[PDB]
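A short worksheet on the structure shown next.
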Amino acid sequence: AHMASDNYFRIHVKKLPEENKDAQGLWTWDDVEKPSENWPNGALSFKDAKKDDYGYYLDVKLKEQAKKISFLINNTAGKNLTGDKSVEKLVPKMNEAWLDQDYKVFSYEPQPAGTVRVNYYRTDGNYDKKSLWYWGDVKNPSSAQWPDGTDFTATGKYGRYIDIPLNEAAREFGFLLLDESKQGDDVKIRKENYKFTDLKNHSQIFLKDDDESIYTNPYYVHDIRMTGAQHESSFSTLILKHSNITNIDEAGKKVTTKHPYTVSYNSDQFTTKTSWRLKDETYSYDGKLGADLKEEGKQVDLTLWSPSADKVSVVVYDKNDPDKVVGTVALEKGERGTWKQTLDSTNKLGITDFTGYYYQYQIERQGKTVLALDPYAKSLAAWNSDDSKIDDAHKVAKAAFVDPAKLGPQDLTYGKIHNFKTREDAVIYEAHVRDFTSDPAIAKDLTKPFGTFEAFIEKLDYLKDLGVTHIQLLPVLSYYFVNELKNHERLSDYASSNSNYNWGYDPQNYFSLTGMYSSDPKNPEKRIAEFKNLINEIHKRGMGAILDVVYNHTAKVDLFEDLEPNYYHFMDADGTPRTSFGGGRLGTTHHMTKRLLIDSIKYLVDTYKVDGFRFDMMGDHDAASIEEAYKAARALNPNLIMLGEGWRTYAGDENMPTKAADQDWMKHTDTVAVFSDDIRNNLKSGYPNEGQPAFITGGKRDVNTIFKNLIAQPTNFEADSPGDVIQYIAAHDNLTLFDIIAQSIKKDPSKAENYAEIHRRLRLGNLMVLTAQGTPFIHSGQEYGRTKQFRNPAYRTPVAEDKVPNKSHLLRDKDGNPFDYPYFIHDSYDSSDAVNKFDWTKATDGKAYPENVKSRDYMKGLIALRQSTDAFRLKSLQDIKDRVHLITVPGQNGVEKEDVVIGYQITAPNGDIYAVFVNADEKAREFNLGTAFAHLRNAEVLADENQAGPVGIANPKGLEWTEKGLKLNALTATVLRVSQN
Ligand SMILES: OC[C@H]1O[C@H](O[C@H]2[C@H](O)[C@@H](O)[C@@H](O[C@H]3[C@H](O)[C@@H](O)[C@@H](O[C@H]4[C@H](O)[C@@H](O)[C@@H](O)O[C@@H]4CO)O[C@@H]3CO)O[C@@H]2CO)[C@H](O)[C@@H](O)[C@@H]1O
Ligand SMILES: OC[C@H]1O[C@H](O[C@H]2[C@H](O)[C@@H](O)[C@@H](O[C@H]3[C@H](O)[C@@H](O)[C@@H](O[C@H]4[C@H](O)[C@@H](O)[C@H](O)O[C@@H]4CO)O[C@@H]3CO)O[C@@H]2CO)[C@H](O)[C@@H](O)[C@@H]1O
Ligand SMILES: OC[C@H]1O[C@H](O[C@H]2[C@H](O)[C@@H](O)[C@@H](O[C@H]3[C@H](O)[C@@H](O)[C@@H](O)O[C@@H]3CO)O[C@@H]2CO)[C@H](O)[C@@H](O)[C@@H]1O
Ligand code: NA
Ligand code: NA
Ligand code: NA
Ligand code: NA
Ligand code: NA
């Protein structure tokens, strides 16, 4: 059937990870015909899986020469149930694999424990008197009269076979292949014993004819074999005799003219590829790159780096119908592997003004042609990935000839940001352009199309009122999996997968803006004007703009492989691009990839006059690239700030370690800050253990650990500067603060009392964050209690396993009972506007939602408070150790080592004394002041259980002053200030 086919692959499954097969699917990537898309339900469902004696199997179409098939089993939920799996196709006809009940992968059907199957294949097909004589770690060794061994009678897939019962923990056995039609010694097919050493790992072995080797796969490939060559050979495991070449590091499994060589070990032959490093020696190019539109549109200077190309032409498409090809113009060689051309009045395209015309690069290598996107494109044709299968032209976007300087508000320059002098002074607010205005409640209010750069301007006053200094925007650079032609359609049904909505972490280009937030994606110029406008309006309200940027990976390997093969990405030994979600991992240590990142940073700073960047998965990069970027950015805007995700994720090029730009980098630089998961996890929980009780959610924590985090000394990386630390409890990733608090305390928000309690804890957390040292970061909607509850009317109670929303948690109360509408989305990257909308009514309408608006005013107060004195934003570790002192010290005045209370004092530079007291407990708690802190009784109260700000509260609520000190009501924090003035 498909087993009589060159390009099908059968994956067999011992047991499905979960109970219901209707809710599970086989997700595939790498060398398959159609890699699975639309997580999770685009997976091949087990609903229709056929079944053999072993279990379920599924067949997958291939795309020859297919070598690597990757797969996993997911669910509707859609968790990655098995974890990622991978099979290498050993020979062309290896068309089957098996997953065991431990999700290990075999090239043969695994046999039950306590059994080794012995497979013997004979080219001559004569098994008549063929038998096996065996001994060792087996139950019943050959005991009869020699040479009466066990007959080979059963015929299988790989010759005849014998099943041998094993002992427990079997490790070694020995055997002889016999031909009992012979006499004396000639009954031994090979005279010398066979010994198999590896019964712990294999339940089948494979023998043929009189071959001495004991094979571990049915394709008779040896254990030691070559896998790559450069220019040092990749091996499977670990010579002079068998190696050849024309035209010994075993722990790393490795063995060690300007044109390709040919290397072979026995039977496996490899064409050599150039190291990226060699490429860099000869082609490292530092001149201008891209399409620069000059002479008022009448000329274009093109430069593309493509060293390995034979020919390069620009294909020019019509400004009014991008499908129409106008013509082609050959590029000529330039310096250092570039290709160049000047398009001017001399063109044979019938073009006078090039502005708004579109283009791709037709690249010819070894007689094969591809269409590639200029990595330096400044805008793009309207993009729809749903049309990517139409032809080569639709596989990647078309670039546009544009001139950004001329577009948008001409007065545009860097922000002059209120209450901001250094990185400790910033208050970062993280918003998605679409979320911020997609709430249908404001539809009649908006004058611009919703969810766009320009609609965003209409709600900037809310943010100015809030007091934030820096608006961090989720990716506005072009991303792939999106239909921009549908950007004005409202995504009003609840859904958490298969949506046109995208957060933007699928990068297509690093210079062009996405058309998704444009009023007109078909106009390549409008998005530039619109964005420059948004940025200008942000500045004119005394704020800055920070751009989430995603250099760590692209959406598709082809985007950069088709420009120049085996260079731009991080790669394995063989030179295979390292990948992430089907795209390439960009190798920022490679000269031209490094300059891609830096040129981009420089270009977006100069063009859009932005005030900083947030690096997605920054730990994926080398530290040097990021520091270089910081320098280059600052040379243009000396007030610019950077931050990133410094998780410890560096992979890099195989066998090449580099200092990564992660949390550990902080002890060596005072430039780019990192997110502090230590504070996040300690106060409320975090990935991957969401909902674990923690400091503001009923879970006592180590009091010193809390204090350290509050002075910007997280306990999991060294911060020698408080500006190194981005302090946060919520972000676009994971559950919202409101949602995680409800999850953690197991209280359903649909009981009004629970709603009240969650908001108390929410204010608490926000207080702790906004009075902490370092740089506070606020997830958009964190101020009002934003929710991502899944409120589809059919989802009021738990649903069938095959209807569970993608990336949801089912929240339960104390009795284990589902909340009302128990599903909450914790990863909303592919969720609709119903999930993702910023709720404007909850944020602003005090009569309809007193509690939500009370929390919003609380935030606004905390930001004013923070801005009123430098006490909370001290500029050095040393000063922080001078000025900040723990009042509730573990082991004194009966202060427990772990608790849900804390108190401390700051002596500000101007001599004012500030104190922060937090009672996250469910009863009144007393803070012992002693003699040392008696002066706090003189304080004005700046924050209580109802409100916050820099002006003293006349009638403070939730406080009682006692003999010992100060007693806070349950779920109460206070900020105190004493001014000896
Ligand atoms: O496809 C993979 C997943 O992608 C998304 O996961 C996100 C998380 O939601 C983010 O929170 C972040 O994860 C960080 C994490 O915040 C950070 O604390 C750190 O966690 C480490 C921890 O330090 C270490 O001690 C140990 O416990 O391992 C943890 C890793 O699990 O590092 C994380 C990054 O590795 O970023 C990830 C990746 O984008 C998405 O939400 C998921 O649904 C999805 O499965
Ligand atoms: O197709 C091959 C890949 O298959 C599997 O990957 C799937 C994930 O396991 C699954 O969670 C989901 O992944 C999405 C994330 O949940 C979502 O958060 C986002 O991830 C972003 C991330 O937020 C950002 O920080 C990072 O830099 O970019 C990520 C990618 O855009 O989108 C994810 C991708 O859709 O779906 C995946 C299938 O597409 C295997 O686990 C994976 O190893 C394979 O490569
Ligand atoms: O466990 C005890 C025993 O095991 C092994 O003996 C095996 C021999 O090594 C192996 O060659 C085979 O012996 C047969 C001869 O090859 C054959 O010419 C003729 O003489 O019959 C022999 C078997 O009776 O099989 C035995 C296992 O039966 C191990 O190697 C020995 O050292 C050990 O004594
Ligand atoms: Na092998
Ligand atoms: Na509308
Ligand atoms: Na850690
Ligand atoms: Na939030
Ligand atoms: Na100041």
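Order of appearance sets the numbers: ligands from 1, and atoms from 1 within every ligand. Hydrogens, waters and symmetry mates play no part in the numbers below; they use all other heavy atoms, side chains included. All residue numbers refer to positions in the sequence shown, counting from 1.
With a heavy-atom cut-off of 4.0 Å, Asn552 touches ligand 2 through its side chain alone. Contacts with ligand 2 closer than 4.0 Å are made by side-chain heavy atoms of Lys807 only, the backbone lying farther away. The residue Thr579 has no part lying near ligand 2, judged by heavy-atom distances below 4.0 Å. Under 4.0 Å from ligand 2, heavy atoms of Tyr505 appear from its side chain as well as its backbone. Counting heavy atoms closer than 4.0 Å to ligand 2, residue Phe581 contributes atoms from both its backbone and its side chain.
Within the 4.5 Å cutoff, side-chain heavy atoms of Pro440 are placed close to those of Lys837.
Distances shorter than 4.0 angstrom do not occur between any heavy atom of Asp620 and any atom of ligand 2.
Within the 6.0 Å centre-distance limit, the rings of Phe675 and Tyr728 are counted as a close aromatic pair. Aromatic rings of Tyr505 and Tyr829 (six-membered ring for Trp) have centroids beyond the 6.0 Å cut-off, not under it. Taking the six-membered ring for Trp and the full ring otherwise, the centers of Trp840 and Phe436 sit less than 6.0 Å from each other.
Shortest contact from atom 4 (O) of ligand 2 to any protein heavy atom: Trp27 NE1, 3.0 Å. What sits closest to atom 32 (O) of ligand 2 on the protein, heavy atoms only, is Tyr829 CD1, 3.6 Å. When hydrogens are left out, the protein atom nearest atom 28 (O) of ligand 2 is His553 CE1, 3.2 Å; that is the closest non-hydrogen contact. Nearest non-hydrogen protein atom to atom 27 (O) of ligand 2 is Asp616 OD2, 2.4 Å.
Residue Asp84 has at least one heavy-atom neighbour below 4.0 Å for each of these atoms of ligand 2: 40 (C), 41 (O), 42 (C), 43 (O). Each of the atoms 25 (O), 27 (O) of ligand 2 lies under 4.0 Å from some heavy atom of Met617. Heavy-atom proximity to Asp506, at under 4.0 Å, picks out these atoms of ligand 2: 31 (O). The atoms of ligand 2 that sit less than 4.0 Å from any heavy atom of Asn80 are 41 (O). Every atom of ligand 2 with a heavy atom of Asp827 under 4.0 Å away is listed here by number and element: 15 (C), 16 (O), 17 (C), 18 (O).
Scanning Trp647, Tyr479, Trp39, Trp503 for the heavy atom closest to atom 36 (O) of ligand 2 points to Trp39.
Counting only heavy atoms, the protein never gets under 4.0 Å from atom 20 (O) of ligand 2.
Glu33 is linked by a salt bridge (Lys or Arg N to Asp or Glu O under 4.0 Å) to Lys61, counting only residues two or more places apart in sequence or in another chain. Residues forming a side chain to side chain contact (heavy atoms under 4.5 Å, CB included) with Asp664 (at least two apart in sequence, or on another chain): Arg648, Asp662, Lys667, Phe717.
The cationic group of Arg490 lies under 6.0 Å from the six-membered ring centre of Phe450 and within 45° of the ring axis, placing it in a cation-pi geometry.
Judged by distance alone, the side chain of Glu484 and the main-chain N or O of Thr514 form no donor-acceptor pair under 3.5 Å.
Checked for salt-bridge contact, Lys594 and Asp622 meet the test: a charged N lies under 4.0 Å from a carboxylate O.
Considering backbone and side-chain atoms alike, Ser36 places every N or O at 3.5 Å or more from each N or O of ligand 2.
Other residues, nucleotides and ligands place no more than 12 heavy atoms under 6.0 Å from the NZ atom of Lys79.
Under the ring pair (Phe, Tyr, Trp, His ring centres under 6.0 Å) test applied with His432, the options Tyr501, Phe456, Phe838 reduce to a single match, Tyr501.
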